[PDB]
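Reading through the structure tokens given below for one structure.
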Amino acid sequence: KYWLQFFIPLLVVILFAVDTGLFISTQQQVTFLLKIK
Amino acid sequence: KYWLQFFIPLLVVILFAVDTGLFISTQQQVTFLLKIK
Amino acid sequence: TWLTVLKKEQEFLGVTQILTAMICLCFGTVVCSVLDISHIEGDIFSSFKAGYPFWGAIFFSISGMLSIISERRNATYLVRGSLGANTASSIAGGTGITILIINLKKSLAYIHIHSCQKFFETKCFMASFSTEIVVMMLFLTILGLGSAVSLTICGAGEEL
Amino acid sequence: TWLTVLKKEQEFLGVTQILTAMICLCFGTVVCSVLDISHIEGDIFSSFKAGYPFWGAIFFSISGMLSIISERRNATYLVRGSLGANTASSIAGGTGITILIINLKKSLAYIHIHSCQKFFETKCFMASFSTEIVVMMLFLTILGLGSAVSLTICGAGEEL
Amino acid sequence: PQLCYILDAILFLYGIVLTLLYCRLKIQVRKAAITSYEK
Amino acid sequence: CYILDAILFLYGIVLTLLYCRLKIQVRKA
Amino acid sequence: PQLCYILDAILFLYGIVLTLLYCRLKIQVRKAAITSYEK
Amino acid sequence: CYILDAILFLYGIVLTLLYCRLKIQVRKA
Ligand SMILES: CC(C)CCC[C@@H](C)[C@H]1CC[C@H]2[C@@H]3CC=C4C[C@@H](O)CC[C@]4(C)[C@H]3CC[C@]12C
Ligand SMILES: CC(C)CCC[C@@H](C)[C@H]1CC[C@H]2[C@@H]3CC=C4C[C@@H](O)CC[C@]4(C)[C@H]3CC[C@]12C
């Protein structure tokens with residue numbers, strides 16, 4: 001009824017969570033990439 | 001108050017979501033691993 | 001030189017397409033779940049009443065998935081299907097943009113006059129909430145449609 | 001040959017330690033936020049009232065972090081800190097097990113005698129809920145404590 | 001005769017087992033990749 | 001509730017199946 | 001002038017921009033890796 | 001509510017700075 005102004009932070013927090021998951025994934029990916037001589 | 005029996009699914013759904021994320025990341029890593037001659 | 005650079009970058013537009021498709025479903029679900037649409041006194045819900053996110057999410061998801069798989073897998077019949085899905089998504093977006101424009105047109109008039117003085121949380125907070133949601137929807141739909149038209153024009157790049 | 005297998009298989013113990021620490025916070029915050037923990041007629045909460053969810057939350061976490069970083073970076077002073085963190089976590093788990101056991105004892109004393117015939121949904125649903133939650137926490141803490149003790153005995157493997 | 005969460009109790013064990021098994025598998029495959037990529 | 005539990009009760013089956021496929025694939029590797 | 005939501009909208013836009021750009025870099029680095037390790 | 005945005009606001013700042021570091025160290029390599 002009045003708590004409607006709460007879902008927008010709920011969306012952005014999970015967006016940032018999956019975003020940082022992708023970030024650490026690509027971090028590990030580039031760490032593997034730089035293992036080059 | 002009486003709706004307490006709802007948090008147990010709430011934690012397990014994100015647990016399984018992060019498990020699927022780990023699966024896709026490790027599948028991506030293993031596919032890269034496999035291509036060696 | 002535009003053709004070559006657009007050919008090099010194909011599936012990232014598919015990534016933003018699938019992100020759009022996944023995100024547009026949430027607004028529809030929450031709007032249809034928290035409160036019913038058939039008894040809105042202000043009649044603000046017009047785009048949501050027609051189920052536009054339901055119309056567009058499937059088309060955008062198909063377009064993005066097909067674009068991603070085309071780069072991932074070079075199937076013979078998938079190339080034409082990707083172009084067809086891109087055209088269908090382009091037409092769907094072209095209709096939805098007009099739908100949201102008329103929705104904002106019918107929504108601003110109520111708020112402007114005599115309904116809610118200044119900002120919300122006086123008598124008409126839910127309409128301001130819906131207005132913010134639909135403005136975000138319109139902006140994100142423009143962002144998706146730009147990538148959609150770019151992918152559509154890039155995909156053909158050849159006679160038939 | 002036990003020492004070699006334990007040494008080579010180390011960071012997964014840190015993974016389960018940090019999983020225990022992370023999952024402890026969610027339960028602790030939800031239980032201590034949904035309702036006050038000092039006005040229970042049965043005084044069911046005998047663990048959350050004693051800080052246990054927040055007693056070994058940033059306590060298992062630091063041990064897991066040290067264990068994970070140990071094989072990643074072999075610092076000069078980190079190896080000494082890891083053993084101390086592991087043994088302190090072992091002691092904390094040993095205290096948590098007995099406080100959780102007495103919590104089960106009191107919850108069963110409550111539900112056992114005349115408080116609620118058959119299962120819940122009569123007067124004390126929260127009693128059964130708390131009992132189940134604390135049983136789950138006890139099992140997960142046993143799983144964490146076993147790994148903690150295994151890492152503690154593995155880490156030394158040498159004089160001092 | 002009072003199901004739902006009684007049957008939903010074992011599912012948490014399921015989740016814990018899977019979320020630990022994936023972590024063990026990922027660490028093992030990372031170790032194998034490191035040991036195979038060195039030479 | 002019960003159906004909500006059912007919807008997440010077969011997720012485990014597919015998750016374990018793909019886990020086993022990954023296991024056999026890495027064993028082949 | 002009511003605060004919060006006006007400042008919240010720019011945060012939302014920032015979130016989508018950041019996640020989209022990180023995805024772009026993820027595909028970019030994947031192509032870089034596949035083009036580097038192929039030879 | 002008013003303070004809720006504060007916690008997540010510097011989250012974006014730290015992610016942007018760490019992205020800058022990642023970009024500089026991928027351009028180095
Ligand atoms: C809107 C709220 C309610 C839910 C949001 C879910 C979103 C964030 C989910 C749904 C689909 C997901 C995307 C699916 C595909 C890709 C492409 C991949 O290369 C990177 C991850 C990425 C980009 C995912 C990011 C997270 C994602 C966009
Ligand atoms: C219960 C919900 C709310 C939160 C759960 C948080 C847990 C599951 C998350 C948070 C941080 C995560 C860990 C972060 C770091 C690593 C190291 C990596 O090499 C393996 C995965 C692992 C071990 C992750 C496992 C899952 C993890 C422990």
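Chain labels follow the order of the structure tokens: the first chain is A, the next B, and so on; residue numbering restarts at 1 in every chain, and ligands are counted from 1 in their shown order.
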- Message: If we count only C-alpha atoms and set the cut-off at 12 Å, which residues sit around residue 27 (chain H), ignoring sequence neighbours fewer than 5 positions away in its own chain? Please answer as a VMD selection string.
- Response: (chain A and resid 30 34) or (chain G and resid 29) or (chain H and resid 20 to 22)
- Message: Would you mind listing, as a PyMOL selection string, all residues of chain H that have at least one atom within 8 Å of chain G, where only C-alpha atoms are what counts?
- Response: chain H and resi 2+5+9+12
- Who sits within 9 Å of residue 26 (chain E), only C-alpha atoms, same chain under 4 positions skipped, as an MDAnalysis selection string: (chainID B and resid 22:23 25:26) or (chainID E and resid 21:22 30:31)
Serialized selection, N, CA and C atoms, as a PDB file, in the first residue's frame:
```pdb
ATOM      1  N   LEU B  22      28.557 -20.886  -9.809  1.00  0.00           N
ATOM      2  CA  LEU B  22      29.820 -21.605  -9.693  1.00  0.00           C
ATOM      3  C   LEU B  22      29.934 -22.676 -10.769  1.00  0.00           C
ATOM      4  N   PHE B  23      28.829 -23.363 -11.065  1.00  0.00           N
ATOM      5  CA  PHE B  23      28.850 -24.379 -12.110  1.00  0.00           C
ATOM      6  C   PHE B  23      29.193 -23.775 -13.461  1.00  0.00           C
ATOM      7  N   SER B  25      30.757 -20.960 -14.131  1.00  0.00           N
ATOM      8  CA  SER B  25      32.135 -20.477 -14.137  1.00  0.00           C
ATOM      9  C   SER B  25      33.125 -21.629 -14.287  1.00  0.00           C
ATOM     10  N   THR B  26      32.914 -22.717 -13.539  1.00  0.00           N
ATOM     11  CA  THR B  26      33.842 -23.838 -13.631  1.00  0.00           C
ATOM     12  C   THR B  26      33.710 -24.566 -14.963  1.00  0.00           C
TER      13      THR B  26
ATOM     14  N   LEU E  21      30.286 -29.541  -2.615  1.00  0.00           N
ATOM     15  CA  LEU E  21      30.862 -30.385  -3.652  1.00  0.00           C
ATOM     16  C   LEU E  21      31.325 -29.556  -4.843  1.00  0.00           C
ATOM     17  N   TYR E  22      30.545 -28.541  -5.234  1.00  0.00           N
ATOM     18  CA  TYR E  22      31.001 -27.656  -6.304  1.00  0.00           C
ATOM     19  C   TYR E  22      32.273 -26.911  -5.923  1.00  0.00           C
ATOM     20  N   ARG E  30      41.015 -26.195 -10.631  1.00  0.00           N
ATOM     21  CA  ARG E  30      42.004 -25.123 -10.697  1.00  0.00           C
ATOM     22  C   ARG E  30      43.406 -25.661 -10.433  1.00  0.00           C
ATOM     23  N   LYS E  31      43.544 -26.531  -9.430  1.00  0.00           N
ATOM     24  CA  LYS E  31      44.847 -27.123  -9.144  1.00  0.00           C
ATOM     25  C   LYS E  31      45.346 -27.946 -10.325  1.00  0.00           C
TER      26      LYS E  31
END
```
Using only C-alpha atoms and all ligand atoms, find each residue with an atom at most 9 Å away from ligand 2 and format the answer as a JSON list (two decimals) with C-alpha atoms, in the first residue's frame.
```
[["chain", "number", "residue", "atom", "x", "y", "z"],
["B", 10, "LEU", "CA", 14.78, -17.67, 1.01],
["B", 11, "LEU", "CA", 18.31, -18.73, 1.91],
["B", 12, "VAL", "CA", 18.29, -21.96, -0.10],
["B", 14, "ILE", "CA", 20.19, -17.90, -3.25],
["B", 15, "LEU", "CA", 22.38, -20.85, -2.24],
["B", 18, "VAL", "CA", 25.29, -19.19, -6.39],
["B", 19, "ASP", "CA", 25.77, -22.91, -7.00],
["B", 22, "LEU", "CA", 29.82, -21.61, -9.69],
["D", 11, "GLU", "CA", 41.73, -24.38, 1.33],
["D", 12, "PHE", "CA", 38.43, -26.28, 1.04],
["D", 14, "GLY", "CA", 38.64, -22.53, 4.66],
["D", 15, "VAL", "CA", 35.79, -22.54, 2.14],
["D", 16, "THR", "CA", 33.51, -24.45, 4.50],
["D", 17, "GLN", "CA", 34.61, -22.25, 7.43],
["D", 18, "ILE", "CA", 33.71, -19.07, 5.54],
["D", 19, "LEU", "CA", 30.43, -20.64, 4.39],
["D", 20, "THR", "CA", 29.56, -21.35, 8.04],
["D", 21, "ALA", "CA", 30.50, -17.80, 9.02],
["D", 22, "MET", "CA", 28.46, -16.26, 6.20],
["D", 23, "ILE", "CA", 25.37, -18.41, 6.78],
["D", 24, "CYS", "CA", 25.51, -17.72, 10.53],
["D", 25, "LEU", "CA", 25.04, -13.97, 10.01],
["D", 26, "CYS", "CA", 21.83, -14.34, 8.00],
["D", 27, "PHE", "CA", 20.16, -16.53, 10.63],
["D", 68, "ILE", "CA", 42.46, -19.40, 2.40],
["E", 19, "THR", "CA", 27.40, -26.10, -2.48],
["E", 20, "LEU", "CA", 30.38, -27.83, -0.87],
["E", 22, "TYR", "CA", 31.00, -27.66, -6.30],
["E", 23, "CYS", "CA", 33.60, -25.76, -4.27],
["E", 24, "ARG", "CA", 35.74, -28.88, -3.91],
["E", 26, "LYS", "CA", 36.36, -26.03, -8.59],
["E", 27, "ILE", "CA", 39.44, -26.02, -6.36],
["E", 30, "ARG", "CA", 42.00, -25.12, -10.70]]
```
Fit target chain A, mobile chain B, all Cα in order, as a compact mmCIF listing (two decimals) with N, CA, C and O atoms, in the first residue's frame:
```txt
# COMPACT_ATOMS: atom_id res chain seq x y z
N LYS B 1 1.02 -1.34 -0.25
CA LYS B 1 -0.04 -0.37 -0.08
C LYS B 1 0.54 1.04 -0.07
O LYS B 1 0.24 1.85 -0.95
N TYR B 2 1.39 1.33 0.91
CA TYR B 2 2.16 2.57 0.96
C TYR B 2 3.66 2.34 0.94
O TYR B 2 4.42 3.30 0.78
N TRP B 3 4.12 1.10 1.11
CA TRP B 3 5.54 0.76 1.16
C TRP B 3 6.15 0.50 -0.21
O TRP B 3 7.20 -0.14 -0.27
N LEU B 4 5.52 0.96 -1.29
CA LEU B 4 5.93 0.61 -2.64
C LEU B 4 7.36 1.03 -2.94
O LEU B 4 8.05 0.39 -3.74
N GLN B 5 7.84 2.10 -2.30
CA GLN B 5 9.18 2.62 -2.57
C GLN B 5 10.24 1.79 -1.85
O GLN B 5 11.06 2.28 -1.07
N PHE B 6 10.21 0.49 -2.14
CA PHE B 6 11.19 -0.45 -1.61
C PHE B 6 11.72 -1.42 -2.66
O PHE B 6 12.79 -2.01 -2.45
N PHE B 7 11.03 -1.60 -3.78
CA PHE B 7 11.44 -2.57 -4.79
C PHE B 7 12.64 -2.08 -5.60
O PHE B 7 13.44 -2.89 -6.08
N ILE B 8 12.76 -0.76 -5.78
CA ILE B 8 13.90 -0.22 -6.53
C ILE B 8 15.23 -0.58 -5.89
O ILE B 8 16.14 -1.02 -6.61
N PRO B 9 15.43 -0.41 -4.57
CA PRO B 9 16.64 -0.98 -3.96
C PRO B 9 16.72 -2.49 -4.08
O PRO B 9 17.84 -3.03 -4.20
N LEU B 10 15.59 -3.19 -4.07
CA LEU B 10 15.60 -4.65 -4.11
C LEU B 10 16.19 -5.16 -5.42
O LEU B 10 16.91 -6.16 -5.43
N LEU B 11 15.87 -4.51 -6.54
CA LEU B 11 16.47 -4.95 -7.79
C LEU B 11 17.92 -4.51 -7.92
O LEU B 11 18.75 -5.26 -8.45
N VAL B 12 18.26 -3.31 -7.44
CA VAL B 12 19.61 -2.82 -7.65
C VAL B 12 20.61 -3.56 -6.77
O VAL B 12 21.78 -3.70 -7.14
N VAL B 13 20.18 -4.08 -5.62
CA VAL B 13 21.11 -4.82 -4.78
C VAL B 13 21.53 -6.13 -5.46
O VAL B 13 22.71 -6.48 -5.47
N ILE B 14 20.58 -6.84 -6.07
CA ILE B 14 20.95 -8.06 -6.78
C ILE B 14 21.70 -7.73 -8.06
O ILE B 14 22.57 -8.50 -8.50
N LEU B 15 21.39 -6.59 -8.69
CA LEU B 15 22.17 -6.16 -9.85
C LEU B 15 23.64 -5.95 -9.48
O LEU B 15 24.54 -6.44 -10.17
N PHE B 16 23.90 -5.26 -8.37
CA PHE B 16 25.28 -5.05 -7.95
C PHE B 16 25.92 -6.34 -7.47
O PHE B 16 27.13 -6.53 -7.65
N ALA B 17 25.15 -7.25 -6.88
CA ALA B 17 25.70 -8.55 -6.49
C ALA B 17 26.17 -9.33 -7.71
O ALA B 17 27.27 -9.90 -7.72
N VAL B 18 25.35 -9.37 -8.77
CA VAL B 18 25.77 -10.09 -9.97
C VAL B 18 26.92 -9.36 -10.65
O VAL B 18 27.77 -10.00 -11.29
N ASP B 19 26.99 -8.04 -10.50
CA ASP B 19 28.15 -7.32 -11.03
C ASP B 19 29.43 -7.71 -10.30
O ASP B 19 30.48 -7.90 -10.93
N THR B 20 29.37 -7.84 -8.97
CA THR B 20 30.56 -8.29 -8.24
C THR B 20 30.93 -9.72 -8.62
O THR B 20 32.12 -10.04 -8.73
N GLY B 21 29.94 -10.58 -8.82
CA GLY B 21 30.23 -11.92 -9.30
C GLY B 21 30.92 -11.92 -10.65
O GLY B 21 31.89 -12.65 -10.87
N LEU B 22 30.43 -11.10 -11.58
CA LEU B 22 31.07 -10.98 -12.88
C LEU B 22 32.49 -10.45 -12.75
O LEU B 22 33.40 -10.91 -13.45
N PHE B 23 32.70 -9.50 -11.84
CA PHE B 23 34.04 -8.97 -11.63
C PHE B 23 34.99 -10.05 -11.14
O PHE B 23 36.12 -10.15 -11.62
N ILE B 24 34.56 -10.84 -10.16
CA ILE B 24 35.47 -11.85 -9.62
C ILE B 24 35.75 -12.93 -10.66
O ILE B 24 36.89 -13.40 -10.79
N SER B 25 34.74 -13.31 -11.45
CA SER B 25 34.96 -14.31 -12.50
C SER B 25 35.93 -13.79 -13.56
O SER B 25 36.86 -14.50 -13.97
N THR B 26 35.75 -12.54 -14.00
CA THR B 26 36.64 -12.01 -15.02
C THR B 26 38.03 -11.75 -14.47
O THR B 26 39.01 -11.88 -15.21
N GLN B 27 38.15 -11.40 -13.19
CA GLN B 27 39.47 -11.27 -12.59
C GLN B 27 40.19 -12.61 -12.54
O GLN B 27 41.39 -12.68 -12.84
N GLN B 28 39.45 -13.67 -12.24
CA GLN B 28 40.02 -15.01 -12.21
C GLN B 28 40.51 -15.38 -13.61
O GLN B 28 41.59 -15.96 -13.76
N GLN B 29 39.71 -15.06 -14.62
CA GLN B 29 40.08 -15.35 -16.00
C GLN B 29 41.29 -14.55 -16.49
O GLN B 29 42.14 -15.08 -17.20
N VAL B 30 41.36 -13.28 -16.11
CA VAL B 30 42.47 -12.43 -16.54
C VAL B 30 43.76 -12.85 -15.85
O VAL B 30 44.84 -12.81 -16.45
N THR B 31 43.68 -13.24 -14.58
CA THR B 31 44.88 -13.70 -13.88
C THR B 31 45.45 -14.94 -14.55
O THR B 31 46.67 -15.08 -14.69
N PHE B 32 44.58 -15.86 -14.98
CA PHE B 32 45.03 -17.01 -15.74
C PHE B 32 45.66 -16.58 -17.06
O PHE B 32 46.68 -17.12 -17.48
N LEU B 33 45.05 -15.59 -17.72
CA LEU B 33 45.56 -15.08 -18.99
C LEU B 33 46.97 -14.52 -18.84
O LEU B 33 47.82 -14.73 -19.70
N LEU B 34 47.20 -13.78 -17.75
CA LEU B 34 48.43 -13.00 -17.63
C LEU B 34 49.66 -13.90 -17.59
O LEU B 34 50.71 -13.55 -18.14
N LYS B 35 49.56 -15.07 -16.96
CA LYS B 35 50.73 -15.91 -16.79
C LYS B 35 51.06 -16.63 -18.10
O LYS B 35 50.69 -17.78 -18.33
N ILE B 36 51.73 -15.90 -18.99
CA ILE B 36 52.21 -16.44 -20.26
C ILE B 36 53.63 -15.94 -20.48
O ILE B 36 53.96 -14.80 -20.13
N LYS B 37 54.47 -16.80 -21.04
CA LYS B 37 55.85 -16.44 -21.33
C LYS B 37 56.21 -16.79 -22.77
O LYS B 37 56.13 -17.95 -23.18
```
- Proximal residues of chain D relative to chain B (only C-alpha atoms; 10 Å) as a ChimeraX atom specification: /D:23,26-27,30-31,34-35,121,125-126,129-130,133
Fit result for chain G on chain E over all paired C-alpha atoms, given as an mmCIF file with N, CA, C and O atoms, in the first residue's frame:
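Saved the output as selection.cif:
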```
data_model
loop_
_atom_site.group_PDB
_atom_site.id
_atom_site.type_symbol
_atom_site.label_atom_id
_atom_site.label_comp_id
_atom_site.auth_asym_id
_atom_site.auth_seq_id
_atom_site.Cartn_x
_atom_site.Cartn_y
_atom_site.Cartn_z
ATOM 1 N N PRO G 1 0.547 -35.656 10.973
ATOM 2 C CA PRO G 1 1.836 -35.482 10.296
ATOM 3 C C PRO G 1 1.863 -34.247 9.401
ATOM 4 O O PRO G 1 1.372 -34.293 8.274
ATOM 5 N N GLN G 2 2.433 -33.155 9.906
ATOM 6 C CA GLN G 2 2.487 -31.918 9.141
ATOM 7 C C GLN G 2 3.641 -31.971 8.147
ATOM 8 O O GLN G 2 4.782 -32.270 8.514
ATOM 9 N N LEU G 3 3.339 -31.676 6.884
ATOM 10 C CA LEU G 3 4.309 -31.751 5.798
ATOM 11 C C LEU G 3 5.159 -30.489 5.716
ATOM 12 O O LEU G 3 5.232 -29.717 6.679
ATOM 13 N N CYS G 4 5.842 -30.314 4.578
ATOM 14 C CA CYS G 4 6.615 -29.122 4.231
ATOM 15 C C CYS G 4 7.959 -29.068 4.948
ATOM 16 O O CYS G 4 8.987 -29.416 4.359
ATOM 17 N N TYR G 5 7.968 -28.621 6.209
ATOM 18 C CA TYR G 5 9.231 -28.360 6.895
ATOM 19 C C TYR G 5 10.101 -29.606 6.991
ATOM 20 O O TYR G 5 11.328 -29.521 6.846
ATOM 21 N N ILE G 6 9.493 -30.770 7.232
ATOM 22 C CA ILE G 6 10.253 -32.017 7.268
ATOM 23 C C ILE G 6 10.875 -32.297 5.905
ATOM 24 O O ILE G 6 12.045 -32.685 5.802
ATOM 25 N N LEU G 7 10.101 -32.101 4.835
ATOM 26 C CA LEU G 7 10.639 -32.228 3.486
ATOM 27 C C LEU G 7 11.544 -31.059 3.122
ATOM 28 O O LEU G 7 12.380 -31.192 2.222
ATOM 29 N N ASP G 8 11.400 -29.919 3.801
ATOM 30 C CA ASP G 8 12.252 -28.773 3.506
ATOM 31 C C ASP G 8 13.648 -28.938 4.095
ATOM 32 O O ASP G 8 14.625 -28.452 3.514
ATOM 33 N N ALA G 9 13.761 -29.609 5.245
ATOM 34 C CA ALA G 9 15.063 -29.764 5.891
ATOM 35 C C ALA G 9 16.021 -30.589 5.038
ATOM 36 O O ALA G 9 17.211 -30.261 4.937
ATOM 37 N N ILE G 10 15.528 -31.670 4.430
ATOM 38 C CA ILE G 10 16.391 -32.476 3.572
ATOM 39 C C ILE G 10 16.820 -31.675 2.350
ATOM 40 O O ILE G 10 17.944 -31.831 1.864
ATOM 41 N N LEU G 11 15.948 -30.800 1.843
ATOM 42 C CA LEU G 11 16.336 -29.903 0.759
ATOM 43 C C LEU G 11 17.455 -28.962 1.186
ATOM 44 O O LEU G 11 18.388 -28.713 0.415
ATOM 45 N N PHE G 12 17.378 -28.432 2.407
ATOM 46 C CA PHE G 12 18.440 -27.577 2.930
ATOM 47 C C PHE G 12 19.763 -28.334 2.998
ATOM 48 O O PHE G 12 20.795 -27.865 2.492
ATOM 49 N N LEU G 13 19.738 -29.530 3.594
ATOM 50 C CA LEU G 13 20.948 -30.345 3.675
ATOM 51 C C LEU G 13 21.505 -30.642 2.288
ATOM 52 O O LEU G 13 22.722 -30.584 2.071
ATOM 53 N N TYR G 14 20.623 -30.949 1.333
ATOM 54 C CA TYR G 14 21.050 -31.180 -0.041
ATOM 55 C C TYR G 14 21.726 -29.945 -0.618
ATOM 56 O O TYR G 14 22.718 -30.054 -1.345
ATOM 57 N N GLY G 15 21.194 -28.761 -0.311
ATOM 58 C CA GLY G 15 21.798 -27.538 -0.818
ATOM 59 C C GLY G 15 23.216 -27.335 -0.318
ATOM 60 O O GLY G 15 24.128 -27.040 -1.100
ATOM 61 N N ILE G 16 23.426 -27.499 0.993
ATOM 62 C CA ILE G 16 24.795 -27.370 1.509
ATOM 63 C C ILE G 16 25.706 -28.447 0.930
ATOM 64 O O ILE G 16 26.855 -28.168 0.567
ATOM 65 N N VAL G 17 25.224 -29.690 0.834
ATOM 66 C CA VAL G 17 26.072 -30.747 0.283
ATOM 67 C C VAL G 17 26.488 -30.413 -1.144
ATOM 68 O O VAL G 17 27.666 -30.525 -1.507
ATOM 69 N N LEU G 18 25.533 -29.978 -1.969
ATOM 70 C CA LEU G 18 25.838 -29.677 -3.362
ATOM 71 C C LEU G 18 26.802 -28.505 -3.482
ATOM 72 O O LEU G 18 27.759 -28.567 -4.264
ATOM 73 N N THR G 19 26.572 -27.426 -2.727
ATOM 74 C CA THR G 19 27.467 -26.280 -2.846
ATOM 75 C C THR G 19 28.872 -26.617 -2.353
ATOM 76 O O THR G 19 29.860 -26.215 -2.984
ATOM 77 N N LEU G 20 28.988 -27.387 -1.266
ATOM 78 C CA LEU G 20 30.302 -27.776 -0.768
ATOM 79 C C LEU G 20 31.036 -28.659 -1.770
ATOM 80 O O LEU G 20 32.237 -28.477 -2.003
ATOM 81 N N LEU G 21 30.328 -29.615 -2.374
ATOM 82 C CA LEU G 21 30.966 -30.501 -3.340
ATOM 83 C C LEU G 21 31.384 -29.741 -4.596
ATOM 84 O O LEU G 21 32.456 -30.003 -5.161
ATOM 85 N N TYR G 22 30.557 -28.794 -5.050
ATOM 86 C CA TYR G 22 30.942 -27.996 -6.209
ATOM 87 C C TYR G 22 32.164 -27.142 -5.899
ATOM 88 O O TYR G 22 33.045 -26.976 -6.750
ATOM 89 N N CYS G 23 32.244 -26.598 -4.681
ATOM 90 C CA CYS G 23 33.453 -25.878 -4.288
ATOM 91 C C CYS G 23 34.668 -26.797 -4.307
ATOM 92 O O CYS G 23 35.742 -26.415 -4.796
ATOM 93 N N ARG G 24 34.518 -28.012 -3.773
ATOM 94 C CA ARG G 24 35.617 -28.970 -3.810
ATOM 95 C C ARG G 24 36.102 -29.187 -5.235
ATOM 96 O O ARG G 24 37.309 -29.142 -5.504
ATOM 97 N N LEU G 25 35.173 -29.397 -6.168
ATOM 98 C CA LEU G 25 35.575 -29.582 -7.560
ATOM 99 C C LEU G 25 36.220 -28.321 -8.123
ATOM 100 O O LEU G 25 37.102 -28.404 -8.981
ATOM 101 N N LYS G 26 35.778 -27.142 -7.680
ATOM 102 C CA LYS G 26 36.377 -25.912 -8.189
ATOM 103 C C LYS G 26 37.852 -25.822 -7.811
ATOM 104 O O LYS G 26 38.708 -25.562 -8.667
ATOM 105 N N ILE G 27 38.173 -26.061 -6.536
ATOM 106 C CA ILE G 27 39.589 -26.105 -6.155
ATOM 107 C C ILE G 27 40.317 -27.234 -6.882
ATOM 108 O O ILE G 27 41.465 -27.066 -7.320
ATOM 109 N N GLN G 28 39.668 -28.390 -7.039
ATOM 110 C CA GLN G 28 40.324 -29.519 -7.693
ATOM 111 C C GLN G 28 40.711 -29.168 -9.128
ATOM 112 O O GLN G 28 41.840 -29.423 -9.561
ATOM 113 N N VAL G 29 39.789 -28.555 -9.872
ATOM 114 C CA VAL G 29 40.062 -28.217 -11.264
ATOM 115 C C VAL G 29 41.053 -27.065 -11.354
ATOM 116 O O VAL G 29 41.838 -26.994 -12.305
ATOM 117 N N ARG G 30 41.045 -26.144 -10.385
ATOM 118 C CA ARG G 30 42.057 -25.091 -10.396
ATOM 119 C C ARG G 30 43.457 -25.673 -10.223
ATOM 120 O O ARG G 30 44.391 -25.291 -10.942
ATOM 121 N N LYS G 31 43.618 -26.613 -9.285
ATOM 122 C CA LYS G 31 44.909 -27.285 -9.140
ATOM 123 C C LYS G 31 45.261 -28.089 -10.387
ATOM 124 O O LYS G 31 46.425 -28.118 -10.802
ATOM 125 N N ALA G 32 44.275 -28.751 -10.993
ATOM 126 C CA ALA G 32 44.545 -29.499 -12.218
ATOM 127 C C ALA G 32 45.043 -28.579 -13.326
ATOM 128 O O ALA G 32 46.009 -28.903 -14.027
ATOM 129 N N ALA G 33 44.408 -27.415 -13.485
ATOM 130 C CA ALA G 33 44.832 -26.469 -14.512
ATOM 131 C C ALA G 33 46.230 -25.935 -14.234
ATOM 132 O O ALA G 33 47.056 -25.834 -15.150
ATOM 133 N N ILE G 34 46.516 -25.584 -12.977
ATOM 134 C CA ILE G 34 47.823 -25.009 -12.671
ATOM 135 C C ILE G 34 48.919 -26.061 -12.814
ATOM 136 O O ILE G 34 50.063 -25.739 -13.156
ATOM 137 N N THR G 35 48.593 -27.333 -12.565
ATOM 138 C CA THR G 35 49.575 -28.396 -12.752
ATOM 139 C C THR G 35 49.703 -28.818 -14.209
ATOM 140 O O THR G 35 50.721 -29.410 -14.582
ATOM 141 N N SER G 36 48.697 -28.540 -15.037
ATOM 142 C CA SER G 36 48.769 -28.917 -16.443
ATOM 143 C C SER G 36 49.439 -27.853 -17.304
ATOM 144 O O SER G 36 50.268 -28.184 -18.158
ATOM 145 N N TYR G 37 49.109 -26.578 -17.096
ATOM 146 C CA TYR G 37 49.661 -25.517 -17.928
ATOM 147 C C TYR G 37 51.056 -25.078 -17.496
ATOM 148 O O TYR G 37 51.699 -24.313 -18.222
ATOM 149 N N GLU G 38 51.539 -25.539 -16.341
ATOM 150 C CA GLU G 38 52.879 -25.160 -15.905
ATOM 151 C C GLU G 38 53.951 -25.691 -16.850
ATOM 152 O O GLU G 38 55.057 -25.142 -16.901
ATOM 153 N N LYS G 39 53.645 -26.745 -17.601
ATOM 154 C CA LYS G 39 54.594 -27.312 -18.552
ATOM 155 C C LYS G 39 53.880 -27.831 -19.795
ATOM 156 O O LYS G 39 52.782 -27.384 -20.124
#
```
- Would you list, as a VMD selection string, the residues of chain F that end up in alpha helix (DSSP H) under DSSP run on this structure's backbone? chain F and resid 2 to 7 11 to 28
- Item | Atomic distance CA of residue 137 (chain C) - CA of residue 4 (chain H), expressed in Å with one decimal |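 Separation of CA of residue 137 (chain C) and CA of residue 4 (chain H): 23.1 Å.
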- Would you work out the distance separating CA of residue 7 (chain C) from CA of residue 144 (chain C), expressed in Å to one decimal?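 Separation of CA of residue 7 (chain C) and CA of residue 144 (chain C): 18.5 Å.
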- Show which residues sit within 10 Å of region 39-44 of chain D, as JSON, numbers by chain. Count only C-alpha atoms, and ignore same-chain residues fewer than 2 positions away. {"D": [35, 36, 37, 46, 47, 48, 49, 103, 104, 106, 107, 108, 109, 110, 111, 115, 124, 126, 127, 128, 130, 131]}
